[PDB]
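Working notes, structure below.
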Ligand SMILES: [Ca+2]
Ligand SMILES: [Cu+]
């Protein structure tokens, strides 16, 4: 496992500004993975059965925010929350790292059950490049570039661990910058505003 910086949310702290790289959720290398540390992580404790919405917005021209939500099952001490199983992540699918260790600390079993994901597909044009042709990378349109909402109903009480990033910045836009490079794009950190609607 590897430590991450988490932003925690609750009923009195429903919003945050997170900073992410333009390609952070979908690098153009390898297996087209997100970069754990180029993205930004949130945590929120939720009650079973009541729908939740997370809304992302950005002012950055060309930027398309994105998000993956997992349920962090069996989490015990909250100080064991801000870890990930590695420096890269698949945008969908479940994560399992039994008896996980990081920097040494013992984190316990990391069990992350996939809940939902989405990315802002408004403004990307008539067709995305073929590198993005994975069905479970949920393309969502609300008619507003730079805005995204996801929803889910917590299947279990407890901690929901989510990553915010961005994907496929518009060619030659501010967000695109110098382009994908080696796959991670520019190191520029762009602000995405996050609002969690806790029931
Ligand atoms: Ca949108
Ligand atoms: Cu990393």
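Numbering (our numbering), first residue to last: 1012 to 1210.
Built from N, CA and C at the ideal position, the CB exists for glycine as well.
Separation of residue 1160 and residue 1115 (C-alpha to C-alpha, rounded to the nearest whole angstrom) is 37 Å. In this structure, 1163 is the residue among 1163, 1172 and 1140 with its C-alpha nearest to the C-alpha of residue 1064. Per DSSP, the beta-bridge partners of residue 1051 are 1175. A check of alpha carbon separations from residue 1199 across 1041, 1032 and 1090 identifies 1032 as the nearest.
Counting only residues of its own chain and dropping the five nearest sequence neighbours on each side, residue 1021 has a CB closer than 8 Å to the CB of 1055, 1056 and 1209. Contact between the segment 1165-1180 and the segment 1066-1076 is present: three or more C-beta pairs spanning the two stretches fall below 8 Å.
Around ligand 1, the residues whose beta-carbon falls short of 5 Å from at least one of its heavy atoms are 1131, 1133, 1153, 1155 and 1158, given in chain order.
Sequence-distant Cβ neighbours of residue 1030 in its own chain, meaning closer than 8 Å and more than five residues away, are 1051, 1200, 1201, 1202 and 1203. Taking every residue with its beta carbon within less than 7 Å of a heavy atom belonging to ligand 2 gives, in chain order, 1013, 1046, 1047, 1048 and 1098. The shortest CA-to-CA distance from residue 1146 to any of 1157, 1136 and 1104 is the one to 1104. For residue 1187, the three-state secondary structure derived from DSSP is coil. The C-beta of residue 1114 has fewer than 16 other C-beta atoms within 10 Å across all chains shown, which makes the residue exposed. Assignment of residue 1165 by DSSP, reduced to helix, strand and coil, places it in the coil class.
Residue range 1063-1068 is occupied by the beta strand (DSSP E) that includes residue 1063. Comparing C-alpha distances from residue 1034 to each of 1192, 1083, 1015 and 1092 shows the shortest one belongs to 1192.
For the segment 1131-1164, the full-length beta strand (DSSP E) segments reaching 3 residues or more read 1158-1163 along the chain. At the C-beta level, residue 1170 and residue 1125 stay beyond 7 Å of one another. Residue ranges of uninterrupted beta strand (DSSP E) with 3 or more members, entirely inside the segment 1058-1124 and ordered along the chain, are 1063-1068, 1076-1083 and 1106-1113.
A check of alpha carbon separations from residue 1098 across 1206, 1195, 1207 and 1186 identifies 1195 as the nearest.
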